[PDB]
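For reference, the structure discussed in these notes is given below.
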């Protein structure tokens, strides 16, 4: 282990690199969320994330990413807080508001792949940028009582239609029940009500059909 | 004993050291076991025992009433206490049972499938362990005190048979020919024994106080005629070279085969050199015997100092072979002991007596 | 019938015999070393040693001595395998080929006989007429040599003395004279005889017997000028010649018995002596004209615990040690200021007697990492074995923030790389390699103030630099620019991959393929790829003169690997990798003329496709996960072949063994980047870089075991890893002499904190046991807890019992007193480690020694002397009995799988004790009724209980299928050739179901695994064929060498495959491979044996 030191160490690597570089991604994160085409280019953004991970600013960079997604998901609840919509149309509204969060939050992962796997993966306390997305969506949108109410009452009301012989949007149901399962609120919120309601209907149908 | 375990663990002492030291410790602590029993099946006394050479599992026994039990010493049960159940038996109801006392039962060496026996009915029968049927029977003109098969010979399968005539008989378990005889003794031949080391060296003890080693290949007498005083009282061999003062009725080569222990009715043991018949003057004190037939005794194997277990009256005596010290005196029987056989695998001793018992001695702790 | 595979991961490293003499040729000076089975020949050059051969004898080499008959130009060699195979080896070199030809071989085993107490003693007449062996007590086997014995027809000469301590041939007697020390009830008596071949019997000795010391335990036949024999002992060194008698009782040698001797001078004027304590004396004989005047013993100094030492020349004495490291010391003519004339020159690592070991996944990888408690009294130490392609780190540098490495031939004339180009975030630094000295220079033409994506030598004696702004071409002399291709619209370059004559840069979506021409970068073509380019490579392949007709690319949005023909950028092939993770580094490379396109995703997953260079058709899509962080595939050359180094958090090398890629861990915490740095000061090195440092060191040509060493200076006994506390629990056992004082500073005396066990239960030299707590990063003993006076800690297990969450160190001790033979009083202490403190949580006095313990479904399962009682951890926190079991001789070893318990009795050899939970009592499912003295026992499967007895054997008990079902059946039998101390499930690598490492007393670390019956039959046929083909060293039939051997039993090996014999199939030339595969093709079987070699 013959250590060597026979060097001259003149330079300084970053000028004002972390503050300016984050503002580059911050626009890119903002542009990605609003589906606007990215003025800057991913490789510059990815390599920018790479360099910021060298300066050990991964924790602060992780937090400042959260404020970006935190402050966009909340911007999406307010249209759903307007009750000028019926149940069926609403489900497509929230479902699209979930599919977009998946498409977007995949993109924000691709740019931030280095941060996601170097820093966050080792920090077992923190969740990945993906599960980060579900947590934001769950608490700030789906955990809304009015949205949760008019949502689960949505899915339930279609199944009751489906049970009575109607044709319903199976794809829409699959996404929502996929949406709830990913957010993990499927079991607590929807499974109990669905089993509860299902018990009633077939119990009513059973006694009804017996004498008929 | 943890010291031995650590020494073996760190490679200091060879594993041989712990093995032999522990075997010696177990044999020194030998005691009768009420945590083990052997089923009573013989009407009369037990004259002989021979644990099988390989695997040390089965165990024959020649009762004085002609019944050849075949025990099984493996604790097939689950409890700490068990009894060695008798697997088979050549009962009196058997068509070919021995009419009188069976005094030697020996396993056919290198083949547990067969075993041999011989009785005062002047017969030596080759028994098949599986079907219990006489493969070959040799009828002699006179009784058969003791017989022995070479435990080392892979070449021949002769069987020295010491009848109460003066002539040692050699019976061949291959194509039958008891013609070969070894002349030179003067009275009955109470105990014979092949050499565990050399194929063709047979040591025969008689009742005229002579122990002779025969090279059965040689057909012109015996190699050696053992003499008490190593030739000090030199006299030509016509009435001299007597290995005892009375009948000599027991032989047992040491395990290595380098020394021929002899016990006789003059109440002494003597550790004779097996290559030139020179008494090595090991004292052994006074050993009591008065039997008038083959006295069986065996010598330990796989122990630091070789022990010898000689029936001593109604007790088993444990002497150290090469020093003559008396280790102890196992004491559990009600009549004279006729045969003790050492279970080399676990340092256990089975000693049939004249009181129909077969007491299994085992170490303590 | 069970089926198993036994292979030797670590070859034995204990030296049980070493001789010196002219074995290779007349003028040589060899130093043969008889490791347990290995025979490592050496040559004593002026410095160190020059190993010349290493042949594995099919035997435990018990006797080794060099003798030179009359007419032989160079010394022959006589070897006596512990199974009593005797062979007269002769060295014979034919150019490159080295063959240990066997002059004469034979077996010298007597069918019946007590193996001698002191062990095999084999000696040779100094005039070389006979070889005297004393195998069995009472007999003295003599081998003639005057006749030409091609079978070594020995003849037994009877001995009238039954306990011979040591025997040596005397010097200068007209008749071959032995001079031995034997013990008879009156004491010990030296004696002599005149062996005589014509008579085949001894005769009267040249000088009659004499009385010797009560512990005279050795003989030294002094050479011709003096004659006679010296006789060492506990307290005296008596010299005898029949009429002369010079006896002294030096005070220094009283301390510890002398065990090994050697002759320094050919006239025997001076003698070396080493003792158990480790001292190194020097016996000096003073001569008169000749006769002998007086004897003197001088303490040269200290060395390892010398089992067998030899004098080579110039004070270079090789202290071969079974317990410690086989040192190699220099005898200074004058003192070293410490009164020690001995200064350790070299050292050979020796995994000494492995008392016990534990496999731990230290560093949280997927890699097993053994931790053995090798060594003994003074040489006790921890060895940390971890196999791999380790980094012999030559030079480490502190340089945080490195982001790329490249080598540069900054001087066109020079062949080797004299300059290394780092690259940091937003800048670049050039490093100049001028010898081992390394200084930073300035390469004019390279912009320092930009990050670099590539820079290296290219065609036409020119460099190149591809910053984030502009590809730059620099004239290598006088180092000034000649061309600067820039993006036409002034955008940053995102990717770049250059080679000797081609540069392709992907700016965002658009490519630009430049062809380097002399002082001219000519943009041949370009294109606009659909989605943003992720990574790409143009590495040359085939035999094109640095003109790669392919340019593999990976793209961002539609995650996919492609191959674009050059210069037209025609899409020959596309391949959807799949997943949501983009490719990050894509590499085109050749492996034994088999092309591959290794593409590594950004999640750590790696793909390799079989590339067709002409048509670019990816086939054989395979995936391998090598890590988690994004990978960086950099090529490098090692020993005339090109490998691939996958820099990640788990640095992995990729190389192709027999047309099959092998992914091997590199023993390093992290490697961000790399570059093959072939410098003058570091030829054929790798400049491995990480977050904080820059390292250099040649990579292992072949991977190997790497053995750290943590000296304790006190013999360890047991080890356990307590993960939650992050520390090992080691039961050291140091020696004290007197009160009591320590003979040397041991780890137990050098711990950060300590404590003496104040226990009220119970109310020369001794052992003062301890329970060390070793930090599992620094390997610094955190806490050393001393046990009671006269207490032996035999067992140690780390577990959490009952329902409480705490994890406890549990030690089962046993009080020892000299008067008794087996211990009576013991206790089971339950320690807890917390906050750098070791508290006693419980205590449970028992009625015997606690030999072995194993946590059993949260219930402690002790083993008091002859009983196996299953304690229970009560909520009150005191162990409470549940059920006992008394049907044992002495239960020493316990191993568990589920609820079954395997008890290794001292001599009944197994007991498949099963715990019936519905009833709360043990039930003996089965037993094996053979008298196999055990050493360690382990469980493989539901019905495969491996066991290792003390006669150097292995056996496999198989639960059969009435009462005969209670008999465990021995199905496997195999004469391992070592004393197995410990088993432990695991492996050292991330086909063979199961894997059971096991230590030995010689240092061997084998590895037992199960096999399918099909491969068992195949490999058994292979083994028989190889035996028929390969010629062994001593012509020892392999079936005999592995025959399960014990003094009372001998059976052929079955249900076991000798792993080393199969692995030898790799190292046999092709024609003999074809012979071995005379009746399936050779390459298939090479592949099979490779799949087997992968396990260890």
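Protein chains in written order, with UniProt numbering: chain A, 42 to 253; chain B, 1 to 365; chain C, 1 to 289, 295 to 743, 748 to 772, 784 to 981, 986 to 1014, 1023 to 1111, 1124 to 1140. Here a beta-carbon is modelled for each residue, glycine too, at the ideal position from N, C-alpha and C.
Chain A contact residues for residue i, given Cβ-Cβ distances below 7 angstroms
| i | result |
| --- | --- |
| residue 497(C) | 85 |
| residue 459(C) | Simply none; closest approach about 14 angstroms. |
Amino acids of chain C, ordered along the chain, whose beta-carbon sits closer than 7 angstroms to that of residue i
| i | result |
| --- | --- |
| residue 168(A) | Within 7 angstroms Cβ-Cβ: nothing; residue 168(A) doesn't reach chain C, min ~16 angstroms. |
| residue 80(A) | By Cβ distance, chain C contributes nothing, its closest Cβ being about 12 angstroms from residue 80(A), past 7 angstroms. |
| residue 345(B) | 951 |
| residue 155(A) | 635 |
Chain B residues whose Cβ lies nearer than 7 angstroms to that of residue i
| i | result |
| --- | --- |
| residue 218(C) | What residue 218(C) touches in chain B: nothing, since even the nearest Cβ is about 17 angstroms away. |
| residue 360(C) | 9, 10 |
| residue 990(C) | 76 |
Neighbouring residues, chain A, relative to residue i (Cβ below 9 angstroms)
| i | result |
| --- | --- |
| residue 443(C) | 45, 47, 48 |
| residue 415(C) | The contacting residues do not exist; residue 415(C) stays about 17 angstroms from chain A at best. |
Chain C residues whose Cβ lies nearer than 9 angstroms to that of residue i
| i | result |
| --- | --- |
| residue 52(A) | 429, 432, 434, 453, 454 |
| residue 151(A) | 561, 562, 585, 586, 587, 607 |
Partners in chain B for residue i, counting only beta-carbon separations shorter than 8 angstroms
| i | result |
| --- | --- |
| residue 119(C) | 14, 16 |
Residue from the options whose Cα sits closest to the Cα of residue i
| i | options | result |
| --- | --- | --- |
| residue 49(B) | 147(B), 154(B), 173(B), 267(B) | 147(B) |
| residue 123(C) | 169(C), 955(C), 851(C), 836(C) | 169(C) |
| residue 200(C) | 591(C), 768(C), 144(C) | 144(C) |
| residue 131(C) | 77(C), 718(C), 1126(C) | 77(C) |
| residue 496(C) | 507(C), 514(C), 414(C) | 514(C) |
| residue 1089(C) | 1083(C), 1082(C), 1051(C), 1077(C) | 1051(C) |
| residue 725(C) | 451(C), 873(C), 65(C), 282(C) | 873(C) |
| residue 141(A) | 123(A), 155(A), 175(A) | 175(A) |
| residue 577(C) | 1046(C), 568(C), 1034(C), 99(C) | 568(C) |
| residue 366(C) | 102(C), 1011(C), 579(C), 114(C) | 1011(C) |
Contact set between residue i and chain B, taken where Cβ atoms lie within less than 9 angstroms
| i | result |
| --- | --- |
| residue 807(C) | Here the premise fails: no neighbours, minimum Cβ distance about 14 angstroms. |
Environment of residue i [buried if 16+ CB atoms lie within 10 Å]
| i | result |
| --- | --- |
| residue 155(C) | exposed |
| residue 609(C) | buried |
| residue 771(C) | exposed |
| residue 171(C) | buried |
| residue 263(B) | buried |
| residue 227(B) | buried |
Residue i: contacting residues in chain A (beta-carbon distance under 8 angstroms)
| i | result |
| --- | --- |
| residue 500(C) | 84 |
Neighbour list for residue i in chain F, Cβ cutoff strictly below 9 angstroms
| i | result |
| --- | --- |
| residue 400(C) | No chain F appears in the structure shown, which is made up of the protein chains A, B and C. |
For this session: Inspect the CB distances between the stretch 307-319 of chain C and the stretch 359-378 of chain C and report whether three or more fall short of 8 angstroms.
Result: no
Exercise. When Cβ atoms are compared, which residues of the stretch 157-183 of chain A fall closer than 7 angstroms to chain C?
Worked result: 158, 159, 162
For this session: Decide if the stretch 626-637 of chain C is in contact with the stretch 560-574 of chain C; the criterion is three or more beta carbon pairs, one per stretch, under 8 angstroms apart.
Result: no
Exercise. Closer than 9 angstroms, Cβ to any Cβ of chain A: which residues of the stretch 634-662 of chain C, in chain order?
Worked result: 634, 635, 654
Exercise. In the stretch 228-248 of chain C, which residues sit with their C-beta less than 7 angstroms from some C-beta in chain A, listed in chain order?
Worked result: none
Exercise. The stretch 317-330 of chain B: which residues have C-beta closer than 7 angstroms to a C-beta of chain C, in chain order?
Worked result: 322, 323
Exercise. Are the stretch 348-359 of chain C and the stretch 53-68 of chain C touching, with three or more C-beta to C-beta distances below 8 angstroms?
Worked result: No: the two stretches stay apart, fewer than three of their Cβ pairs being nearer than 8 angstroms.
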